[PDB]
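S.K.: Right, I'll just put the structure down here and ask away after.
Protein chains: 2
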Amino acid sequence: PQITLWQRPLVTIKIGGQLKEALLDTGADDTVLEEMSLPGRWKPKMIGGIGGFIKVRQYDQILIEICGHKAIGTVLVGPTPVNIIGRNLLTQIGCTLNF
Amino acid sequence: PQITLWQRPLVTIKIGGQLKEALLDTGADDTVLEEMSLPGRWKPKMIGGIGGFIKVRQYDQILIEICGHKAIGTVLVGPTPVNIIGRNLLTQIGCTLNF
Ligand SMILES: *[C]C(*)(*)(*)([C@@](*)(*)*)C(*)(*)([C](*)C(*)(*)(O*)C(*)(*)([N@](*)(*)C(*)(*)(*)(=O(*)*)[C@](*)(*)*)C(*)(*)(*)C1(*)(*)[C](*)[C](*)[C][C](*)[C]1*)C(*)(*)(*)(=O(*)*)[N@@](*)(*)[C@@](*)([C](*)[C]C([N])=O)C(=O)[N][C]([C][C][C][N]C([N])=[N])C([N])=O
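Chains as they are written, first to last, in full-length UniProt numbering: chain U, 501 to 599; chain H, 501 to 599.
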């Protein structure tokens, strides 16, 4: 998939038995998904963005299928407005910018 | 060019006769630069990102060079922690997301 940027690059992901839509964000180092039910252990972490800082729970090694591709990594669950797939998973599915 | 996501996608821009580095960001609908000296009339505006909302100054018809590519668009200037090039200019230098 070559995705053009006239529309938000939004993709289907499958995480925790759940179907979600997530924004692909090259400006996000990490993956932060809207508040949700996930099995396991997690650690308190704080991340920053344009508005300021948020408190998120960090889950390591969670399986995500992103546009039909699989990846395992740290997933952060928290008060984000949209689900964001960031560069930690995006390098895992071979994703590059091109111009 | 083809940019991998192992490191932040940072680029050199010349905006208003000044050289700066900015992040290529697909989760950014707009372009927002740290406070700088830009000539012109601007409208007040507010954007939201991850830990909230910021108040920016909107400048329309700003000329900006990204890697030698010239582009003319709207640029929001305000307290962003990093210079961000969003999809309003990314579609102008023809940039895509491939995976
Ligand atoms: C880079 C930038 C800042 C980004 C941004 C994004 O893109 C957003 N957008 C806006 O804002 C426009 C996203 C979303 C979209 C939709 C709506 C909501 C929002 C960011 O912010 N990023 C962040 C996230 C990721 C993670 N967390 O990982 C980040 O990256 N953060 C970080 C910090 C940075 C800074 N750096 C230095 N300064 N060094 C953390 N760590 O957290």
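Ideal Cβ positions, reconstructed from N, Cα and C, are used throughout, including at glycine.
Looking at C-alpha atoms only, which residue of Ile554/H, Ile564/H, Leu519/H is the closest neighbour of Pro544/H?
M.R.: Taking the second sequence and counting its residues from 1, one reaches residue 544/H at position 44. The shortest Cα separation from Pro544/H among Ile554/H, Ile564/H, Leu519/H belongs to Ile554/H.
S.K.: Indicate whether at least one CB of chain H lies closer than 7 Å to the CB of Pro509/U.
M.R.: Within the first sequence, the letter at position 9 stands for residue 509/U. Yes, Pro509/U lies at the interface with chain H (some Cβ there is under 7 Å from its Cβ).
S.K.: According to the Cβ coordinates, are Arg557/U and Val577/U closer than 7 Å?
M.R.: In the first sequence, counting from the first residue as 1, residue 557/U sits at position 57. In the first sequence, counting from the first residue as 1, residue 577/U sits at position 77. It is a contact, given that the beta carbons lie within the stated cut-off.
S.K.: Step through the CB atoms of chain H and report whether any lies within less than 7 Å of the CB of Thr596/U.
M.R.: Position 96 of the first sequence, counted from the first residue, corresponds to residue 596/U. Closer than 7 Å to some Cβ of chain H, the Cβ of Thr596/U qualifies, so yes.
S.K.: Taking the alpha-carbon positions, what's the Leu597/U to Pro539/U distance?
M.R.: Here residue 597/U refers to the residue found at position 97 when the first sequence is read from its first residue. Here residue 539/U refers to the residue found at position 39 when the first sequence is read from its first residue. Straight-line Cα distance between these residues: approximately 33 Å.
S.K.: Count the CB pairs spanning the stretch 577-596 of chain H and the stretch 528-538 of chain H that are closer than 8 Å, and state whether there are at least three.
M.R.: yes
S.K.: What residue range is occupied by the uninterrupted beta strand (DSSP E) comprising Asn588/H?
M.R.: For this step, residue 588/H is matched to residue 88 along the second sequence. That residue, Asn588/H, is in no beta strand (DSSP E); its alpha helix (DSSP H) goes 587-590.
S.K.: Taking only beta carbons into account, state which residues of the stretch 528-553 of chain H come closer than 8 Å to chain U, listed in chain order.
M.R.: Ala528, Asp529, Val532, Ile547, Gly548, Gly549, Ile550, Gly551, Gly552, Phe553
S.K.: Mark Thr580/H as exposed unless 16 or more other C-beta atoms lie within 10 angstroms of its C-beta, in which case mark it buried.
M.R.: Locating residue 580/H in the second sequence gives position 80, counting from the first residue. Per the 10 Å Cβ criterion, buried.
S.K.: Cα-Cα, which of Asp525/H, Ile564/H, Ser537/H is closest to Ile550/U?
M.R.: Taking the first sequence and counting its residues from 1, the one referred to as residue 550/U is at position 50. It is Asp525/H.
S.K.: Have a look at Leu505/U, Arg508/U, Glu534/U, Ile503/U and flag the residue whose alpha-carbon is nearest the alpha-carbon of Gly516/U.
M.R.: Locating residue 516/U in the first sequence gives position 16, where the first residue counts as 1. Taking only the C-alpha atoms, the option nearest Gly516/U is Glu534/U.
S.K.: Are the beta-carbon atoms of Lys520/U and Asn583/U separated by less than 7 Å?
M.R.: Taking the first residue of the first sequence as position 1, residue 520/U is located at position 20. Taking the first residue of the first sequence as position 1, residue 583/U is located at position 83. Yes.
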